[PDB]
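Heads up, the chain below is alone and in the form deposited in one PDB entry; it's given as structure tokens.
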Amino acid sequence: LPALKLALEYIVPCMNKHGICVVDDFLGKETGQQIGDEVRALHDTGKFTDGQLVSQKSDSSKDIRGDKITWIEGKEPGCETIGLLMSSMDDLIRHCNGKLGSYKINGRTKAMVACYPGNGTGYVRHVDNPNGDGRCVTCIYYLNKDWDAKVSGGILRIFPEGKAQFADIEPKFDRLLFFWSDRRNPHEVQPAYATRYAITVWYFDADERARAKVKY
């Protein structure tokens, strides 16, 4: 889908209504697999960190680490298609300009590529931007082919503010997710038992970010 039709007919009304929106088959199998290959190459050539220190034993051979990450600008060698994904995310957002809440998005972060190693680690419940750092929208692209949460876990569970229910999202291949980054969407990644990859970019609201400069 051109994604203008995507943005205008689905993403905009969905965000203003639910604040959590899912788009499947965003880029297609060929492009999605290319991104998957670049991501796995980054992993296989040691570009990710060793993983968030989850459990720190007196003996550090037994230390348990979780999510591994690496920041990608999109111009690095071997990251061209990730850069393409980023440009595609950017186009979609640009066409939503002035229609997502009363925000005015004027920038974004580099992409955070994350890898849950599949050792039973997940990510604790949290809010992406709880203190007004400028980020208004969280964008996540998933890379996991034939992901079966019943076997592999790794579900993203969102706890919509003021609602008594969960919003569970499987980290499926070629799936694109959008959600408000503030306290409206606390969320967690349930234990992942297989390697789980995702690429996240956060979009900035011009006003919030401008005043965050002094709040430092």
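Only residues modelled in both forms are compared. In this text, the rigid core denotes the largest set of C-alpha atoms whose superposition between the two forms falls within 1.5 Å. Each residue number is its position in the shown sequence, starting from 1.
Omitted from view is the form deposited with a partner chain bound, to which the following refers.
Looking at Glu80, you'd find every heavy atom of it more than 4.5 angstroms from the partner chain in the deposited bound form. Contact annotation for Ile105: at least one heavy atom lies within 4.5 Å of the partner chain in the deposited bound form. Remark: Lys145 does not count among the residues lining the partner chain in the deposited bound form, judged by a heavy atom distance of 4.5 Å or less. In the deposited bound form, the partner chain stays beyond 4.5 Å of every heavy atom belonging to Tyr197.
Across the proposed site, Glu73, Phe204 and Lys213 without exception bring a heavy atom within 4.5 Å of the partner chain in the deposited bound form. Once both forms are overlaid on their core, the sole residue range between the shown form and the other one with Cα shifts reaching 2 Å in three or more consecutive positions is 213 to 215.
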